[PDB]
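Count residues from 1 along the sequence. Order of listing sets the numbers, starting from 1, for every ligand and every atom in it.
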Amino acid sequence: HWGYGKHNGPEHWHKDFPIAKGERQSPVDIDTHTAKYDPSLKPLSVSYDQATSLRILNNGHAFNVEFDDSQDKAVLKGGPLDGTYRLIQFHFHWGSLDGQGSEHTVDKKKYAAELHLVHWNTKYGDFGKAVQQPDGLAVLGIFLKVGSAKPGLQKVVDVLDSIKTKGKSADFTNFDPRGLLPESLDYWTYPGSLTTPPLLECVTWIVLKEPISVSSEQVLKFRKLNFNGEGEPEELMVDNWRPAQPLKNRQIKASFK
Ligand SMILES: Cc1cccc(S)c1
Ligand SMILES: [Zn+2]
């Protein structure tokens, strides 16, 4: 099955998921000089005050912090979006070395990691029906650079020892995702896809310009997770990023001058 190694990595995924070579795949390189400012973009609204986390799960590809999405809590709206998108989970993609890890790049620059806060369009009723629609998802993408620690991330780092291997989960209540946000909500936006199989083309990407800073110790703890299950040969969970894909017939728009 699919993964990030030599024999099952991104260059292989198209054989089980032909949409890998589709018309709106993600990630992409953001060429800052050609992303035009769009003064019709409305401002972005991130309302996370009532977010209710439940659990953290090592899925053998990344870890997911999962939210109760059964009520109208933790919503993203405004910016490029029509209507309201509900937070369901967040996860990260990261490298084996600080020089690589992000999925989107900015003028070919790779950041050490990238956070994806995944939201579904509430007009479609739940996540499963939303990923059958071209405007079913909105992903807020946030870059991480290594410098000062992010205090808001430490509760995640500290729980990773309890979900080292594929299939492990842990209770993870009362985590506040506002502590993972940078100061500015200036962003780039474009239509794209999940960056992991099944690579579905459902996503309005909203990629923040301002990275957050995490410490070298915080990211080193991500790199101690495992892709394998318990009792299997150890394969460190590193380099779980897909490289940039062809932009094709797409324009990237900037929310800021
Ligand atoms: C499940 C899911 C949703 C959105 C983006 C990614 S990379 C994955
Ligand atoms: Zn992702």
Side-chain angles (χ1 to χ4, degrees), residues 1-4 8-10 13-14 16-17 19-20 22 24-30 46 51 53-69 74-76 79-81 85-95 100-105 110-122 124 126-144 153 156 166 169 177 180 187-208 211-212 214 219 222 225 227 237-245:
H1 236 343
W2 73 267
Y4 294 95
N8 64 2
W13 293 348
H14 66 100
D16 278 336
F17 306 93
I19 203 172
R24 57 177 276 186
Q25 288 288 295
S26 294
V28 298
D29 181 53
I30 296 167
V46 184
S53 66
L54 299 175
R55 190 169 80 131
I56 187 171
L57 170 70
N58 177 334
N59 61 24
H61 304 108
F63 63 87
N64 289 344
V65 173
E66 292 160 358
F67 287 81
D68 185 338
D69 69 347
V75 294
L76 177 76
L81 309 167
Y85 292 69
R86 194 177 292 176
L87 179 67
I88 180 166
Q89 58 110 306
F90 71 74
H91 61 274
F92 304 80
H93 305 268
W94 64 91
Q100 65 194 50
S102 65
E103 291 206 307
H104 293 90
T105 54
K110 292 177 165 87
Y111 288 86
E114 180 175 324
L115 166 67
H116 287 167
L117 293 135
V118 179
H119 314 71
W120 54 269
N121 193 330
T122 58
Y124 298 124
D126 58 20
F127 180 85
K129 178 57 51 147
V131 303
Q132 304 178 47
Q133 318 302 152
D135 61 344
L137 300 182
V139 184
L140 180 64
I142 303 179
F143 295 122
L144 284 57
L153 183 62
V156 175
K166 180 173 51 143
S169 68
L180 297 182
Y187 62 86
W188 297 282
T189 182
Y190 78 100
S193 69
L194 269 60
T195 65
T196 45
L199 305 169
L200 299 169
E201 291 178 339
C202 320
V203 180
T204 297
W205 278 96
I206 296 177
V207 177
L208 296 190
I212 57 166
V214 308
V219 71
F222 286 21
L225 290 166
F227 286 129
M237 184 180 281
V238 297
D239 297 313
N240 53 356
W241 54 274
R242 187 191 197 193
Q245 300 302 307

Quiz prompt | Minimum heavy-atom distance between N240 and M237, given as atom pair plus value | solution = ND2-CG, 4.0 Å

Exercise. Please list, by chain and number, the protein residues whose heavy atoms come under 4.0 Å of ligand 1.
Key: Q89, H91, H93, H116, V118, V139, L194, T195, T196

Quiz item: Can you name the nearest heavy-atom pair linking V118 to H91, along with the distance?
Solution: CG2-CE1, 3.8 Å

Quiz item: Taking just the N, O or S atoms of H93, which one is nearest to the Zn ion (ligand 2)?
Solution: NE2

Quiz item: If you look at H91, which of its N/O/S atoms is nearest to the Zn ion (ligand 2)?
Solution: NE2

Practice problem: Using the test salt bridge (charged side-chain N to carboxylate O under 4.0 Å, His left out), find all partners of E66 that sit at least two apart in sequence or belong to another chain. | Solution: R55

Exercise. Kindly assign one of parallel, tilted or perpendicular to the pair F63 and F92, based on the angle between their ring planes and the thresholds 30° and 60°.
Key: tilted

Practice problem: Please name the residue in the list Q245, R242, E103, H116 that meets the side-chain hydrogen bond (donor to acceptor under 3.5 Å, both in side chains) test with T195. | Solution: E103

Quiz item: Taking the inter-plane angle between the rings of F143 and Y111 on a 0 to 90° scale, is it parallel (under 30°), tilted (30 to 60°) or perpendicular (over 60°)?
Solution: parallel

Exercise. Of all N, O or S atoms in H116, identify the one at the shortest distance from the Zn ion (ligand 2).
Key: ND1

Practice problem: Kindly state whether the ring of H93 and the ring of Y4 have centres lying under 6.0 angstrom apart. | Solution: no

